[PDB]
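Every number for a ligand or one of its atoms is a count from 1 in the order of the listing. Chain identifiers are assigned alphabetically (A, B, ...) following the order of the sequence lines, protein sequences preceding nucleic acid strands; residue numbering begins at 1 within each chain.
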There are 2 protein chains.
Amino acid sequence: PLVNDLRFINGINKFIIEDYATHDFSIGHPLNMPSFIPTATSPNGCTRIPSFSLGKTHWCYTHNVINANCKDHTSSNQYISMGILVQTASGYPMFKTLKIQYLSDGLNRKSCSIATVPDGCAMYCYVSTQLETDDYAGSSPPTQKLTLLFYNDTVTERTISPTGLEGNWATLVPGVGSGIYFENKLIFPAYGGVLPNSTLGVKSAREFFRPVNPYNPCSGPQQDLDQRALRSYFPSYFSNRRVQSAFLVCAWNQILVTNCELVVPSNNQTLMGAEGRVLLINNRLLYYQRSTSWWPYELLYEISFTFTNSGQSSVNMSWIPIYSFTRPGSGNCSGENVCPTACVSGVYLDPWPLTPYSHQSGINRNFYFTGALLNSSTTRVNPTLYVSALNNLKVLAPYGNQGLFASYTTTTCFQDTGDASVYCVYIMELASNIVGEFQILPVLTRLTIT
Amino acid sequence: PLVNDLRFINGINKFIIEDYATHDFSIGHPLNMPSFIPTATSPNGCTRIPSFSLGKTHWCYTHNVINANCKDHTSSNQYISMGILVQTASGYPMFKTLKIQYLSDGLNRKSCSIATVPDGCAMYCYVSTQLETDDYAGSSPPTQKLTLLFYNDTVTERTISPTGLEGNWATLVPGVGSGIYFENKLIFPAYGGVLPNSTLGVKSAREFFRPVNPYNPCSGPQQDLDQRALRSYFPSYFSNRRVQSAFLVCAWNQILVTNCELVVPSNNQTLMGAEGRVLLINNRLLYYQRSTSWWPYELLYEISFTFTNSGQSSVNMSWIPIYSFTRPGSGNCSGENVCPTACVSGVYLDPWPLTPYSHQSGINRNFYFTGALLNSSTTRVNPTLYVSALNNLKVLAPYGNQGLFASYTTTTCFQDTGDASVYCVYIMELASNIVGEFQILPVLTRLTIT
Ligand SMILES: *[C@@H]1O[C@H](CO)[C@@H](O)[C@H](O)[C@H]1NC(C)=O
Ligand SMILES: *[C@@H]1O[C@H](CO)[C@@H](O)[C@H](O)[C@H]1NC(C)=O
Ligand SMILES: *[C@@H]1O[C@H](CO)[C@@H](O)[C@H](O)[C@H]1NC(C)=O
Ligand SMILES: *[C@@H]1O[C@H](CO)[C@@H](O)[C@H](O)[C@H]1NC(C)=O
Ligand SMILES: *[C@@H]1O[C@H](CO)[C@@H](O)[C@H](O)[C@H]1NC(C)=O
Ligand SMILES: *[C@@H]1O[C@H](CO)[C@@H](O)[C@H](O)[C@H]1NC(C)=O
Ligand SMILES: *[C@@H]1O[C@H](CO)[C@@H](O)[C@H](O)[C@H]1NC(C)=O
Ligand SMILES: *[C@@H]1O[C@H](CO)[C@@H](O)[C@H](O)[C@H]1NC(C)=O
């Protein structure tokens, strides 16, 4: 059957530290097991863009595979798998793949996000026929695909046209990070270009968000910095479309006929649209946003939805004030730049919150989160495991030596309810000498909390 | 179901070239797919000793996983998987894993051989409680395990005591290379120390085999060379036991109760016991023998069995006169040594024969075989794809750069009966920069024959 070992079922999607108090951390050494993420079989062949979700009863995973250089965007296939957590005599769990689906039909599916659903996985993709710049330049969104893969080997794929898409968007793609299934709703992260002359475009004009780091502020007048912040949403690279984050929401009951819906947040509460991830921990929803724009720090929002079933659903998000480490970027978009400017940059590194931020009682200043960063302000290099507080890093554990190239990282933590052990899996694209561009490595460590 | 794509089912375990004529070869570039061989999840974690068998309807694979240094032997686990060949839109087949079994119970199972059996896999292991030298030093063999893993998730393990083992052997271990299922018989390669002064030890005394390379002869008297060759079977490293190759044969009908049997070849026809592989091509059995002893060249025998009701079973083998390339070795056991000496050396690299040697009409001097070698006479380094004739190499396709460390290689070829394509999979242990000693890489190549 498709179900995790019982010791983990109650330790998944929970806040591991409910203390609200201060803690110290130690990141254990990598635990060896068979990797559930397949590598490339050729030296020049590409495998990239991981998406992972650990659900209560099982996990889903996917990434993109290309028989040529990563610079070759003509053709690709999609590796999808689903499995369970199993305890080993080695003393720690292992990810056991129950079902594999390799999609190679000649259809080019890109930027795919995966989600754990009852008895299987759901994947949100778009079909890539052209360059991303050509995409943003056009007036017509690419083909959006929703596929359901079940443990009984049934696989069903549909083209979708969510409410709010037609006419309002130049392009839309999935945000690569996992989505979730909650309250009979399938919710995926998404982003894309918005036509400034459309209804949404004119409604969302004047909307902007300008984060300020109290310990590292940007010098300038409020109005000018605000104008620059507003102008940062319209990169000329993307043909000055309004680059916007959105959520694809689909009714699971109607999931076969539904065509879903597009829920767009106010840009007063969020930065320029980018790749992201949707999390459900306890009963509360959070949203990670990659920092593609000028803001170098880690973007995590507490989000909540209002569902109207009449095509007018809203989303509200509250930014969690995190300034600790910085993501690598190029030019004036690098990790050292705290000031508003038009930027297409950054890298995908999502965190895992170990603590709630806002609770019924109040706000937790002792908020902690863990993940894998890249140690540099410029280059994607030196992958490093970390636990971080709001203003600073609690602990660091580099993987490999200096000069090791790495790109995307996605982290998930869970607890063994048997022995109370806390495990974190850090999935990262790492540069390998013998395989192709990026062996995607699921490193599993035990986390010590005092 | 557990069954290969129909285009491969009649192209497996066949002689690809029945021509008996001369041919030229070209080795294609590696074809990218998701690797069906899992890597280590830690930089120091060990994954070694691959065993692979492609059967008509499906394939079986296994390797050893250690949570510690490869040199540290206390605990290990065994990754086992079974799957099918599936064509992809990329234009080539891919290995799709259907069933996975990770044996981690704390039992230390090593040197495991796998075999494709009806609706599953069979694995032959021994339990390692001590050093190999202590093993050969002892008067009693370690525990022999036979485990059956089926697609229906049934797993059954037994301790076996084959007829002829007790009292005749210091130790016995599986030969690491895949075994086969043929004519209701389960056959595994094996090797180990034989007690001198035992029944078998006394009967097999005075038995020796001395291959001679006509193009690189060893100077000396025949009697002295014969005495040295005879003495090469008794390395002091193994406490002067007679190191002997054997075959584990088990009746499949009785496979639950059988206790099997041990069939030992005359040492007049074979070199010092070592790791090996049993192949069934057409209706003819072949045996690869690793060159652990003084003879540096590739050892492949044509073999045939005579079965009897009560332990009187025998085996006859004929050495295929191959001298082309050489395996790396240390000291006086290196690739440059053609002369008889007591040697424990070499490395496991098995060939896949593309042509029959002896047939009903006569003997084929145009014999060709393919595989992966290590280009050096001393160090295990520079993995290289090759096609070879009897006396010389036909073609060479290096994998990776110079100085790349590699150890074990196992090669299997099959034909696509749809488009006539010939595919070779070269499975080799390669040194990875980010993963523990030896990422085991299944390289798939299209072979061009003219
Ligand atoms: C597979 O599962 C889905 C939902 O779990 C179900 O609706 C579908 O009918 C199943 N497919 C088959 C062939 O039974
Ligand atoms: C966003 O802020 C602007 C002022 O900066 C305000 O005019 C607008 O109403 C706000 N929109 C939302 C949805 O909060
Ligand atoms: C929406 O989030 C904002 C923070 O950005 C918060 O101040 C506000 O209370 C939320 N709105 C509602 C209706 O809860
Ligand atoms: C980055 O590397 C340097 C060593 O070169 C180290 O001192 C520093 O702490 C690292 N920074 C992070 C965030 O890991
Ligand atoms: C699984 O398959 C094997 C194949 O012979 C069979 O002997 C065994 O009884 C099967 N087990 C179950 C539970 O069906
Ligand atoms: C093996 O060869 C030796 C001579 O070297 C001979 O005396 C012995 O009888 C042979 N044994 C067999 C089984 O052929
Ligand atoms: C056994 O093999 C040898 C070649 O090594 C051959 O000369 C001999 O005739 C064979 N004997 C039988 C019974 O096949
Ligand atoms: C080994 O490498 C050398 C060059 O370093 C090359 O010339 C030679 O042909 C190679 N030998 C084999 C057997 O591949």
Margin query: Quick check: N316(B) and ligand 7, any N/O pair under 3.5 Å apart?
Written below: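 For ligand 7, there is an N or O atom that lies under 3.5 Å from one belonging to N316(B).
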
Sub-4.0 Å protein heavy atom near [atom]:
atom                    : answer
atom 11 (N) of ligand 1 : yes
atom 5 (O) of ligand 7  : yes
atom 2 (O) of ligand 7  : yes

Next item on the list: Please say which of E275(B), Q289(B), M272(B) ends up in a side-chain contact (heavy atoms from CB on, under 4.5 Å) with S245(B).
Entry: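 Among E275(B), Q289(B), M272(B), the one that satisfies the side-chain contact (heavy atoms from CB on, under 4.5 Å) with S245(B) is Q289(B).
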
Check: Would you say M317(A) contacts ligand 3, with heavy atoms under 4.0 Å as the rule?
Finding: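 Yes.
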
Next item on the list: Taking the six-membered ring of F307(A) (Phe, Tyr or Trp), confirm whether the NZ or CZ of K185(A) is under 6.0 Å from its centre and within 45° of its axis.
Entry: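 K185(A) over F307(A) ring: yes.
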
Notebook entry, point to check: When rounded to the nearest 0.5 angstrom, what distance separates CG in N13(A) from CZ in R284(A)?
Noted result: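 Atom-to-atom, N13(A):CG and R284(A):CZ are 15.0 Å apart.
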
Checklist line | Modelled atom types, side-chain donor and acceptor of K145(A) and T159(A), under 3.5 Å | finding: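 Side-chain D/A pair, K145(A) to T159(A): present.
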
Margin query: Considering non-hydrogen atoms of the protein only, which is the closest contact for atom 13 (C) of ligand 1, and what is the distance?
Written below: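 Of every protein heavy atom, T154(A) OG1, 3.6 Å lies nearest to atom 13 (C) of ligand 1.
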
Next item on the list: Among all protein heavy atoms, pick the one closest to atom 8 (C) of ligand 1 and tell me residue, atom and distance.
Entry: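 Closest protein heavy atom to atom 8 (C) of ligand 1: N152(A) ND2, 3.8 Å.
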
Check: What is the minimum heavy-atom distance between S53(A) and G179(A), and which atoms define it?
Finding: OG-O, 4.2 Å

Notebook entry, point to check: Is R109(A) salt-bridged to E157(A), going by a charged N under 4.0 Å from an acidic O?
Noted result: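 Here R109(A) pairs with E157(A) in a salt bridge, since their nearest N and O are under 4.0 Å apart.
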
